[PDB]
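To start, the structure under review is shown below, and the notes come after it.
Hydrogens, waters and symmetry mates are skipped; everything else that's a heavy atom, side chains included, is used. Residue numbers start from 1 in every chain, and the chains themselves are labelled A, B, ... in the order their sequence lines are given, proteins ahead of strands.
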Amino acid sequence: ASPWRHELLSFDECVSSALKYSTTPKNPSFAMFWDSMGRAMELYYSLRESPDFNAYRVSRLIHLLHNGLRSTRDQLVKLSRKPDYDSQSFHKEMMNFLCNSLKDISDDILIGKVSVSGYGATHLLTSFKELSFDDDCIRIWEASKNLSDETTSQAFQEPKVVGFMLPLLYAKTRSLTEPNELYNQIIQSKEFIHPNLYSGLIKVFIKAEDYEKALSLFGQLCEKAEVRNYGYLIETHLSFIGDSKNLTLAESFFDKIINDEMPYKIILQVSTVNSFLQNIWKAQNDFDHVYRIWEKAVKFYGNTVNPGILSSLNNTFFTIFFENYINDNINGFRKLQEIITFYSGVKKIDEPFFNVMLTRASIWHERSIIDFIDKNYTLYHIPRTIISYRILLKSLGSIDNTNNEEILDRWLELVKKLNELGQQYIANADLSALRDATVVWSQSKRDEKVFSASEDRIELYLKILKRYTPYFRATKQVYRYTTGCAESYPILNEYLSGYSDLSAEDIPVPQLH
RNA sequence: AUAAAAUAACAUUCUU
Ligand SMILES: [Cl-]
């Protein structure tokens, strides 16, 4: 009566408690959620041998791991800035733990150790899709058909699992035979049709631009949807915005969110807006149309959403902007002022707004726009991060009207802000900004001379490297930014024979490293 | 827990 009784009881407690947390709108409950998942994954390997491990209990774990991926992504965007790739971060490790946990469960399902239901199969395949493992989703789904336990095999063939698979099948095969078969059956059917089957078929017809069949199915999904499970209406509505090549239909659904015309609640997912903006730019080359959609999105967001969302939006907008004004810094500068005035009228300016603008403005290769952005940080009273000081240093590599004194000054300001904001060491992004302001600029000038037919930037670069080497996050960064950097920028090989001498005369002033 | 179990923005600075 107790093969693994107590471990089954504590499994149901932490899984249900963590699922209730991740579905209801640091803190102790936050720590409870992540510890419950590690505990649940700990008990899983023990309960994997038990026959009393219901396909329900395993589906609840897969759903929990899926909500963990959703929470880990939400924590990344809520941060004041993205963590450096070369440093330890909760987002990186927790994502790998979740992914590996889901990879172990999938293999156990394919082996036959553990059963699963269609509700768990959907969360397992949706998780791998969110992890950019689309090809693996098809292989697990097709391998599920050849399984001993028909119960698990029948689960992967349920309509809600097929609904998730329809968009992947049309992307891989371009086949509309089975989708057109289902459309003729679903439209006339008087029986229950799962909403995920509606949603997957709508997305296929949106990509195939059979909008009348997509809109007809969307109407049936609309009249049948339940308030408790209205999320299917969100996915499809957003799919009309970011996946429809018909920009008139995509904008009609976009204004339906702006004007709050839908009976169901719906977020203006910035990934959907970014795809919509890119489709307008690629199809029409009309910046005014892009600018009009971006204005409505900024007004819709305001101060309601996290700063990382507006950072993603402005990244898409300013990338399009400086592609349009790549050869016109005169009209572009006046346009930026209009953009700055509008953005100020909506909310207080965040740092990523000017960070993105300054980064993409490097193709103008003018110092005035660098000094303009730098003064606007203080003029608009922007809460500063180390991102701006990194970009301000990197910006010097795109102009000639600069000196080694300013390069060192903007490096010192970075190191001061690193220590002021409690940074441990010097990250890769800090040295890359210094590398782009010296080595890359020098290499570009030499390539111009060969193609055509404050004295030295590289000397200051190698001098700062040696002076600040003890403050590095790892001494392997010395090889990365000298010998390894010379592999892509060969002009550095001419300076590295004397790096052993390493005469230095910089001016560090550290505090609270 | 039972035609059910929905929805989750992958941001600016980072070739090694
Ligand atoms: Cl910071």
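- Aromatic rings from A:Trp141 and A:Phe156 are positioned such that their centres are separated by 6.0 Å or more.
- The aromatic ring centres of A:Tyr198 and A:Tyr232 sit 6.0 Å or more apart.
- For the salt bridge (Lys or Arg N to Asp or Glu O under 4.0 Å) test, no residue two or more places apart in sequence or in another chain qualifies with A:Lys394.
- Partners of A:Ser10 according to the side-chain contact (heavy atoms from CB on, under 4.5 Å) rule, which considers only residues two or more places apart in sequence or in another chain, are A:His6, A:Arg39, A:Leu43.
- Under a cut-off of 6.0 angstrom, the local environment of CD in A:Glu150 is sparse, with at most 12 non-hydrogen atoms contributed by other residues, nucleotides or ligands.
- Nucleic acid contact class of A:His237 (heavy atoms, under 4.0 Å, all strands): none.
- Applying a 4.0 Å cut-off to non-hydrogen atoms, the residues of residues 380-390 of chain A that approach RNA chain B are A:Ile387, A:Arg390, listed by residue number.
- The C1' atoms of B:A9 and B:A5 are separated by 24 Å, rounded to the nearest whole Å.
- Atom name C1', nucleotides B:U16 and B:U12: the rounded distance is 22 Å, in whole Å.
- With a negative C1'-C2'-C3'-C4' torsion, the sugar ring of B:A9 falls in the south range.
- In this view, A:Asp12 and A:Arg57 satisfy the salt bridge (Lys or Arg N to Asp or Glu O under 4.0 Å) rule, not counting sequence neighbours.
- The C1'-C2'-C3'-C4' torsion of B:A8 is negative. Its sugar is therefore classed as south.
- For A:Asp84, the salt bridge (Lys or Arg N to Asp or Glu O under 4.0 Å) partners two or more places apart in sequence, or in a different chain, are A:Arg81, A:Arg390.
- When heavy atoms are screened at a 4.0 angstrom cut-off, A:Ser312 is found touching the sugar-phosphate backbone but no base atom.
- With a 5.5 Å centre cut-off and a 30° plane cut-off, the bases of B:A4 and B:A5 come out stacked.
- Across all strands shown, A:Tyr489 has heavy atoms under 4.0 Å from base atoms, whether or not it also approaches the sugar-phosphate.
- Residue A:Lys160 is classed as a sugar-phosphate contact, given heavy-atom separations below 4.0 Å to backbone atoms only.
- Atom CE of A:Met32 has 12 or fewer heavy atoms from other residues, nucleotides or ligands within 6.0 Å.
- A 4.0 Å heavy-atom criterion places the boundary nucleotides of RNA chain B facing chain A at B:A1 to B:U16, written 5' to 3'.
- Between A:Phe318 and A:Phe322, the two ring planes are tilted [angle within 30° to 60°].
- In this structure, A:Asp436 reaches the sugar-phosphate backbone alone: every heavy-atom distance under 4.0 Å involves primed, P, OP1 or OP2 atoms, never a base.
- Within the nucleic acid shown, A:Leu358 has no heavy atom closer than 4.0 Å to any nucleic acid atom.
- Among the protein residues, A:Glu130 comes within range of the nucleic acid bases, having at least one heavy atom under 4.0 Å from a base atom.
- The P atoms of B:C10 and B:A6 are separated by 22 Å, rounded to the nearest whole Å.
- Within the nucleic acid shown, A:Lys394 comes within 4.0 Å of sugar-phosphate atoms alone, with no base atom in reach, counting heavy atoms only.
- For an aromatic pair to be called close, the ring centres must be under 6.0 Å apart, and A:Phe33 with A:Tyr21 satisfies this.
- As judged by a 4.0 angstrom heavy-atom cut-off over every strand, A:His63 is placed among residues touching the sugar-phosphate backbone only.
- Heavy-atom distances to RNA chain B give each of A:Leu76 and A:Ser117 a nearest nucleotide, and the one nearer the 5′ end belongs to A:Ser117.
- Here the two rings, on A:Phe333 and A:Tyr325, have centers that are 6.0 Å apart or farther.
- Within 4.0 Å (heavy atoms only), A:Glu226 reaches at least one base atom of the nucleic acid.
- Among the protein residues, A:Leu268 comes within range of the nucleic acid bases, having at least one heavy atom under 4.0 Å from a base atom.
- A:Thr359 comes within 4.0 angstrom of the backbone, heavy atoms only, and of no base.
- Using a 4.0 Å heavy-atom cutoff across all strands shown, A:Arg60 reaches no nucleic acid atom at all.
- At a threshold of 4.0 angstrom between heavy atoms, the contacts of A:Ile309 include nucleobase atoms, whether or not backbone atoms are also involved.
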